[PDB]
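A lone chain, given as structure tokens: the form solved without 3-phenyl-1H-pyrrolo[3,2-b]pyridine.
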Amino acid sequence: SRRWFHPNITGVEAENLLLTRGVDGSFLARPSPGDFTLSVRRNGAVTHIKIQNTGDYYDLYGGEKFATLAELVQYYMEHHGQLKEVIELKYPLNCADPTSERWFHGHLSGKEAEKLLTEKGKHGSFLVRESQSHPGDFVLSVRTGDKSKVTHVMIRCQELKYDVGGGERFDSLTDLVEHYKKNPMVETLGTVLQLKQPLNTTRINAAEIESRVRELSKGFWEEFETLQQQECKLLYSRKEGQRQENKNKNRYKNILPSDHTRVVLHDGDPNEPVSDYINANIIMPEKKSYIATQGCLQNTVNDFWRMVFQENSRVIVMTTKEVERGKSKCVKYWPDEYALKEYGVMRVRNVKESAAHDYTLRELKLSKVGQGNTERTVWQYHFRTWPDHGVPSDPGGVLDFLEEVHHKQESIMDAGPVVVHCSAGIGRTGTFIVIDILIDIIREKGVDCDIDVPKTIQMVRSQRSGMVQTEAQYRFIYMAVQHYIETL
């Protein structure tokens, strides 16, 4: 569903492709960084529209803000009249470059393919690689078994099309793979060459993180975009956030919670027709859980405290300033130090504030009005030194921060999910949560455990779309993990 994204194309090439192989309404998206471009053909000419992402959201110039490029494209394909200089997205110009596909390995020998498929592969595991002997051709290496074997199928490239020696000829490796996934090749002796899953190429041992980081630093961008390519594979709806009564409860109208994991507020005032909504999702790893949410709006402060109370959350992680670059990223939802405030039916006292170098700790006491026995302490950790754009140069501050947060959470019996928020609740929020999840595994298991960064991110994204926004954050996650392991 994401063929419209061309990772390795230039501006001129994009214009060439749209004018010779496309029509009016044809479009494609491409990388510039953290910048992208939406190239669209209209009235026999090509226009380019900048998309910026500094870490919080995808910002379409002359358009709106989105959690993913997929939701951006989907939005405007379904909403004619709103992309303006009027620019229509009608026909995706599909990419035939296989580099971002999980199963593509490029230059790889037959023996090395068998090696990788042996150590990590299972039945139906497969990959596609370049021919060793015949330049331009390719090889489909698939593992089948319980004994088990590996089968190498030759893929010839004749006149810009691909085939396995007979039958249909395909325009791309992707088309060929999808075809023989759906219609499995059968060997003479009857073996079904099922293509069940691509060979995992990202799971590594924790002690080898440093070697992998060096390899990726020589890597990060191609691994990240391979992950980005899978964003459409997640099944989710965002209908509740689209309801009329819920529209102004979203900081960014198109950045919405996934319905299946959203925090549903009960005990609402029956005089409010819709009182069960907040832009927030439960994130469960796959013992500690999280709530990924946006920075409060003036009209959602009361809902925020309803959520914290209901979910029995005892720790809040704030990863933004109230104001950044002159714009409000989060309203002050906590009282001044020593002060007491009522937020709807919720009462909060700011007991004490404590200043550290990278963050401020606020010890808060939350209770329901009229209910003395409901009081509990909520620890708000407010990270203050995250740069306006991009990521910190060094993960030490964040690691120390999360380490403290972790121990506070672990010290409270039966504490609910840790609340994490930034501006839109997907970029910095996603980055903090993924690091915390990965560190959690290492803290318990040491260097003797497998970690898979993009798989973990995908798992989190299945619960809230857009978690982890940029390549800079992706790389920062690796650097943080690498740093934590070394300082054990």
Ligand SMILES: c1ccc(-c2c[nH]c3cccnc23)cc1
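Note that residue numbering follows the sequence shown and begins at 1.
Quick one: classify how much of the deposited chain lacks coordinates between residue 272 and residue 273, choosing none, 1 to 3, 4 to 9, or 10 or more. Going from residue 272 to residue 273, the model skips no residues of the deposited sequence.
Between residue 78 and residue 79, count the deposited residues left without coordinates and pick a bin: none, 1 to 3, 4 to 9, 10 or more. Count of unmodelled residues in between: none.
Identify the stretch, either 457 to 465 or 40 to 48, whose C-alpha atoms have the larger mean B-factor according to the entry. According to the PDB entry, the answer is 40 to 48.
Mean Cα B-factor comparison, 411 to 419 or 307 to 315, giving the higher one as deposited: Here the higher of the two C-alpha B-factor means belongs to 411 to 419.
C-alpha B-factor winner, where the candidates are 72, 265, 346, 87: Of the candidates given, the C-alpha B-factor peaks at 87.
Of the residues 428, 30, 65, 443, the one carrying the largest Cα B-factor as recorded: Going by the entry's C-alpha B-factors, 443 comes out highest.
In terms of the chain's CA B-factor thirds, is residue 329 lowest, middle or highest? It falls in the bottom third of the chain.
Cα B factor band for residue 290 (lowest, middle or highest third within the chain): Its C-alpha B-factor belongs to the lowest third of this chain's values.
What third of its chain's C-alpha B-factors does residue 281 belong to: lowest, middle or highest? For residue 281, whose C-alpha B-factor we compare with every modelled residue in the chain, the answer is the lowest third.
Lowest, middle or highest third: which one holds residue 350 when the chain's residues are ordered by CA B-factor from the entry? Within its chain, residue 350 is a lowest-third residue by C-alpha B-factor, going by the deposited values.
Please place residue 472 in the lowest, middle or highest third of its chain by C-alpha B factor as given in the entry. Lowest third - that is where residue 472 ends up once the chain's C-alpha B-factors are sorted.
The following text describes the form deposited with 3-phenyl-1H-pyrrolo[3,2-b]pyridine bound, which does not appear among the structures shown.
Location of 3-phenyl-1H-pyrrolo[3,2-b]pyridine contact in the bound PDB entry, chosen stretch of 219 to 227, 293 to 301, 132 to 140, 171 to 179 [non-hydrogen atom, 4.5 Å]: Looking at the partner contacts, the answer comes out as 219 to 227.
For residue 37, is any heavy atom within 4.5 Å of 3-phenyl-1H-pyrrolo[3,2-b]pyridine in the bound PDB entry, or not? So residue 37 does not count as contacting 3-phenyl-1H-pyrrolo[3,2-b]pyridine.
Answer with yes or no whether residue 201 is in contact with 3-phenyl-1H-pyrrolo[3,2-b]pyridine in the bound PDB entry, where contact means some heavy atom within 4.5 Å. Because a heavy atom of residue 201 falls inside 4.5 Å of 3-phenyl-1H-pyrrolo[3,2-b]pyridine in the bound PDB entry, the answer is yes.
Within 4.5 Å, heavy atoms only: does residue 102 come near 3-phenyl-1H-pyrrolo[3,2-b]pyridine in the bound PDB entry? Yes.
Determine whether any heavy atom of residue 48 comes within 4.5 Å of a heavy atom of 3-phenyl-1H-pyrrolo[3,2-b]pyridine in the bound PDB entry, and answer yes or no. Looking in the bound PDB entry, residue contacts with 3-phenyl-1H-pyrrolo[3,2-b]pyridine do not include residue 48, since no heavy atom lies within 4.5 Å.
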